[PDB]
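Chains as they are written, first to last, in the numbering used here: chain X, 1 to 234; chain S, 1 to 129; chain W, 1 to 87; chain A, 1 to 242; chain L, 1 to 146; chain U, 1 to 237; chain E, 1 to 240; chain R, 1 to 239; chain Y, 1 to 230; chain G, 1 to 236.
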């Protein structure tokens, strides 16, 4: 249309940034909880057909052995952000021989957001914002940390953040169940309780993903047997 | 049109027609058989602007030398009504300052004040086709 | 407005005001000149030399960006209630 | 006068085959309100234009539409003042480049033929507007003699025995056409006189020796010089006495 | 403004205007009637109407500045029970690009808020929040800024 | 309208709406207060939280050992600007081995921000910066606008409801010069209180303070470190 | 109508509205006057303070594009600063190439072409500031050039740019600027600024003064505070 | 260079150019792929079969590598660029890792290539969707589907094209472990799925198969006609 | 610069901007080209709107090589750009082959330039049609390059104003046995039907090509040919 | 910039490329071009629209172009765009399908990125086994035994769909078929040799021969067909 990508609304809003924020509400619901024992990441696969293999829907991605990311919105757009995160990490390791902090990893991915333009831009520069919200979760010097990223490039640490279609409903339920001093098992259980209530389908060990990053331990993808153990309760 | 130039010849009857938008007139009306002459009352030139100023600034009470030429240089693009406004506004500055006379300075502001008012006027150069 | 003024209190609803409420413009020809005069008269009645009366007008449009600035001014349209998409 | 699309906003053809944007650049020459007259004689070429100084605050020594493109070539600019300087600066660069690349002074005909080539690109590419200025170069050729060339915003160019540009271009053209019809190889004095008379008669000003600028090139001295107020007054005195 | 057209035009309205051009300054000089004219778009008006004999003075009405805006809100708050703590200077600084009507609407809207919360006196916060309604800013979730 | 879709289109009133639209992004941001004394220049910021389960967005960022800023507006644009001023301050040390003067830095970001407001397809930096720094010329408080126009201010507040803080800063601007560090910070906290609603109060969670002085490096204070400053001020009437 | 949305489109009357609209920004700013006297040029800018919070010296409309050339701006300040840097880099390049201080006529003719280059294409917008360049040298003499957003540079004896330019010009014409010196002009420049200031309108202005002349050895410097206060007192007394 | 944002967010949060590209896929010929036990099957409807058309040149089933082949649905010209781009990367991966490309990798690259065209200046999205089939190095059959947005999923059986919704509904009900017990049964499942939208019959069915440790094999029309008779014969005994 | 094509296909499958460019050609000065047995003639109406114009300053018939000539109908400035490009193209052919460029080869190279401006970004098509005449292999050549970039080999054609009736006039007045001098006579006759006023030696421009090469006829020569008309 | 951009390389709401479709309409108004595959050669019959009697006949063919020693092509649509494609076609040249695919990648490129208008040319390719190819501005290419592009292409394809006996055709049968198909497609009831353009490609002595039939040879084909058509009139 007549409007460019880098255009400001009369209310001070970047039009394309706000529009990309609306794209997250069409994505699957992802729940991340920060706990002193670790960070739990939950997301719904949203199976649309019995023939589709649930294993192919990877909505929780290993950024590194100590940090994982949960995605919501446009999954195809998050691959570029994830690849840069997995490239920025192992670049800090190459130069400083240490694992990058979760805040720094989120900050590096955040700088990729808003680097979109129509004119006076590089040939490889993007044209539109990344219509995906990321939920970075991992352990570092500051212990377990959960960070939420939005298509606006604004990243902030969150004790318990829910993103996606049911972000409004799940966040309200998260506040009713989150306390600072709890265990990771409660955080995993509470996330599955909230997810089960917001999913269109019925919760089972094949239509969801659960990830935990514990201190000492590495990023871990919950298997079907592990998922069935916690689902069998609620 | 049938009376200016039609079947019955017009004798000893003359027509004077005035318009600031002759471009919109009908070609038949502008035809030389009806409007033989198209007298162009153009905007005043440097000498014409000077003449109009003395006509309108004549009855104005004034002391001191009045440099009409200085007004003319800043009056470029003015019409006859603008030059009368310069005389009117010059007295308005005298009345504003409680004066019974108009000085060249009062004229200097008046010609400048009217000049700002000419920025609101659209295209004036319209000619018969 | 003459008939609305013959009553103690009145309400006038202008559904789809953008049909006549478009912003004034000069496109060389007489583009929407007649309709603009209708908007100008409506603007005059809402807030002009004479008091409007006890009329409270109500305008509804899906294209408020096309409305004339003088019509979108307090004293003619004091409240701008936005019917955004429901949450 | 049909239109279809952006034919009035960018330099693209109208349905009847017209470039309105280029045409609008011609009306931009009249925005300055000044008229220039150039007359070519048997051994001289003269450019005459009116200089308007609305206030005494302006330095009249700076308000000049006469520009020395090179030593042997001069021009008079009509139209937007800002666009005029760019063309003059562009013309000076091309004249200097021609001298460096080819070893001899650029001919008057080839100077605008280059300038008209630059201004033609403005009428073909749509990301820039045509320069709303008119260029009239005068200079003494080695063999052809005195030369006058008008150089319009459209990229058109032609030689002229006597031309004019500005608000009163067509009024002055009719006057110069009448004088040329008499078929007189005017001397240097006559060319200045007919150039001043052409601007004087059309404008009806009865010029003072501070209201016009005269730039002459002659075969005896193939260099472009601006006539001073003392020199310009001699011709005006001669005009009055006859 | 009058225009030249071949198919259609508003020749009737231009005839009415041309009659007004006579009355302002025509064959019979009418120097005993004073004429006031008001318009929003002086660029639309015919050049013959904006002549220096028909409309001699063309007064430009500017957007009220910081000092004027405080004066305007004070003018329309006279018949209003306003507490002696309202900082009209602060309100004027918060009403950039406001015309007189919006400044008046701020006082009118502030009365709505005082009635909304039941207060019998208008406070500075009522004026402050009434500016937002007059500003008519679209709803946004711009809480991620800063 | 048709004059508000691009930053290279002049409105008939001699205004650029895209520049003014970008200026409203600062007004959407949270309030920050920057004031200075004869020897100190402090920044007081009111962090905002999207939800009570999320942290408060950081508002004061460390640019150089002597220069510190408080952002207001698009966080991504602030990082782009803050990185630029960090690099320019670093480049001065690498070349001249001297701290970059604050006045000579804001000029650079005033020219860096001016380029996008003039070229087609670019947008103004939708962030407002309150720059505090100390150099040979004393403490400084610079306010950066998306219009690429900067002001050398004695005390400025930008953000949402910042004009309430501008009133307090104007009233007590006379006592800013001779007051010590503790009194200077309290003035900014008191000024930042004016931007809050009646029921809200300054707490350690939503207050950040940055201090740069003659012999003091630029240090940012947080929830634990705001307590030595917050307890001094009394409750507002 | 679409004829005014770009600098690369001509109006049917052959006028570039985007350049004309950019000129309106200059007419919305405070007036800045400059008078060329016998032995120099004195610059006076009426610099309002929008609030008491800004320090004395903020929004300096008087720049130093070279050691001998000043700059008084009016309009959008960001483009004024950008053009000041363009004028600064033009003077630096001239010295780094030809080996001497750049003449004002060439500097004005060079910066104006940069200003004019922004009035031709839709990819860029015309500069929203008009500025006056003043310089003094023993050889060339006092010079004063004003460059508008369109790119027109003309030498001046007394020039005013801003919203009160028309009223300021009338006060300049009274002066016999061709005979008096800088020390006498600085009093009058203050007087003209104080006269054209509107106290009922936008008020609380700071008088910014600068000059370049034989009394400064051809160096553009801010007028000393001691002389500046004397000029301020004379201007205030002239208002009765 | 043309640097313009073709794909931009709609106010609702949708990429319309992506959605419009997906509409072009819905106008293409129906392509059906079924992943069996020891064989992977691709079935493509041949739309209209002109007797003067060289069936060799118009082929919607193409082999990216010796172990990976895909069938597309959408703009024929757009698909060939993707196939050639994937074919080039198939050889680049082979020269680097000294191992044939996995079905995930070539699907990931094609999907990433698709997404790059939905977020690059001056480029419109690819208007094709691909049904990538093949065998990994461990012999596991794999079937993948990509869409113009750039998303990829693994499917036991899937359909793309104009009749995708009806066939996928058919595949949801008939895809069982018994139905993929043998290679012939896996072949018959595709024809049954294709015959739900193909009207004339086996004449408008182009079927290609790939077996483990074997190259892509295109079924001749007589073989397809032989299979169609079996389904027709089996239809009678079930009545 | 704009990187998007300003010429696009209409819904009815026409490059509309090309058609408008051809309208500019139809409003230009008439140009007539006749290919005789022993040569080709190029004639055009070089009539000015006043006597102040120097007739010999700007020539509508310009040589490209020693044996190729141009004459146009359309926009004057656009023809000078194509003249330089054609002369540049002829030099490029001459440098690499050391042989004067064939008339047919030059038309393809020039038409390719014209075609580029139909598809290139931010540009409009040339508003001229180029009549190209030349002599190669002992055989006369005459070509027409439209704004679209399509080139036609013409035995006798007319362009510009009143070209439809000029083409009809050439239909009944041209035969393959015509000689160079009679072709000049026929070319002047074709102009005369579209000409208004009287044709002098200065208001028309004639150029011919033969074995001796292409040369533009001097005003003295054109006067002698014009005398045979009356 | 954005205001003047027509956005040629974008998707319509129905998933269509409007510029590609509009270019395909231009070919429909172009001259008729035929192509018939036989067991011993391929022919390319193209309708000549440059049939003005003052048009000189200097070129070997008007719409028939030789790409390489083994290949010939004919175009329909914007003739200027055809020169660009034919000049590029020779630069790439090799197998017949390889040449068509390479050019069609160029044509598809203009429909995806660049912002320029598509090449409104549909080409028919003949080369040596023997194969006939058709290309569209979208870059979609396909082999054909008998196909037609241009004016009344749909009518000509219907005639070929009925009268092209697959496999059992030599040049003479294919050449006679081309004239008969062209007769109905053309509005001219006579279809003289000056309105048609036939080029035949054959393999001789191990070399590919691309020869344009002379006007005398074509008149025999027209004469033979009209007598053959008149022979059917004897039946009725």
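No residue lacks a Cβ here, since even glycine has one placed at the ideal position from N, Cα and C.
| task | Check whether the Cβ of residue 172 of chain E lies closer than 8 angstroms to any Cβ atom in chain A. | result | yes
| request: Report the three-state DSSP secondary structure of residue 107 of chain L (helix, strand or coil). | output: helix
| In this structure, what does DSSP give as the bridge partners for residue 44 of chain X? | Residue 44 of chain X is bridged to X:208.
| Are any of the Cβ atoms in chain B nearer than 8 angstroms to that of residue 3 of chain R? | As a matter of chain content, chain B is missing from the structure shown, whose protein chains are X, S, W, A, L, U, E, R, Y and G.
| query | Which whole-angstrom value describes the C-beta separation of residue 118 of chain Y and residue 68 of chain Y, a residue pair presumed to lie in contact below a C-beta threshold of 8 angstroms? | reply | Not quite, the Cβ-Cβ distance comes to about 24 angstroms (not below 8 angstroms), so this is no contact.
| query | residue 130 of chain A by DSSP, collapsed to three states: which one? | reply | coil
| Taking just the CA atoms, how far does residue 219 of chain U sit from residue 64 of chain U? | 10 angstroms
| query | What in chain U is Cβ-close to residue 240 of chain E, meaning under 7 angstroms? | reply | Going along chain U, no residue has its Cβ under 7 angstroms from residue 240 of chain E, so there is no contact; the nearest lies around 31 angstroms.
| request: Tell me residue 32 of chain U's beta-bridge partners as DSSP assigns them. | output: U:45 and U:158
| Simplified DSSP state of residue 131 of chain G, which is helix, strand or coil | Three-state result, residue 131 of chain G: strand.
| task | Buried or exposed for residue 239 of chain E, please, with buried defined as at least 16 other CB atoms from any protein chain shown within 10 angstroms of its CB. | result | Exposed: under 16 other Cβ atoms inside 10 Å.
| said: Distance check for residue 57 of chain L and residue 14 of chain W, CA to CA, integer angstroms please. | reply: 37 angstroms
| query | Assuming residue 188 of chain X and residue 69 of chain X make a contact with CB atoms under 8 angstroms, what is their CB distance in whole Å? | reply | Rounded, the Cβ-Cβ distance is 17 angstroms, inconsistent with contact.
| message | If the criterion is Cβ atoms closer than 8 angstroms, does the pair residue 198 of chain G and residue 177 of chain G meet it? | response | no
| CB-CB under 8 angstroms to residue 205 of chain U, same chain, minus the five flanking residues each way: which ones, in chain order? | 47, 49, 56 and 223
| task | Report yes if the CB atom of residue 78 of chain E is closer than 8 angstroms to the CB atom of residue 87 of chain U, and no otherwise. | result | no
| task | Kindly indicate which three-state DSSP category residue 73 of chain S falls into: helix, strand or coil? | result | helix
| request: Pick out whichever of E:112, E:211 and E:55 has its Cα sitting closest to the Cα of residue 154 of chain E. | output: E:112
| request: Report the three-state DSSP secondary structure of residue 101 of chain Y (helix, strand or coil). | output: It is coil, neither helix nor strand.
| What residue from A:147, A:238, A:158 and A:179 has the CA that sits closest to residue 47 of chain A's CA? | A:147
| query | Would you say residue 65 of chain E and residue 87 of chain E are within 8 angstroms of each other, going by their C-beta atoms? | reply | yes
| Beta-carbon contacts of residue 60 of chain G that lie in its chain and below 7 angstroms, excluding the five residues immediately before and after | 212
| request: Could you tell me which chain E residues have their CB closer than 9 angstroms to the CB of residue 85 of chain A, listed as they occur along the chain? | output: For residue 85 of chain A, the chain E residues whose C-beta falls within less than 9 angstroms of its own C-beta are 109, 112, 113, 116, 151, 152 and 153, listed in chain order.
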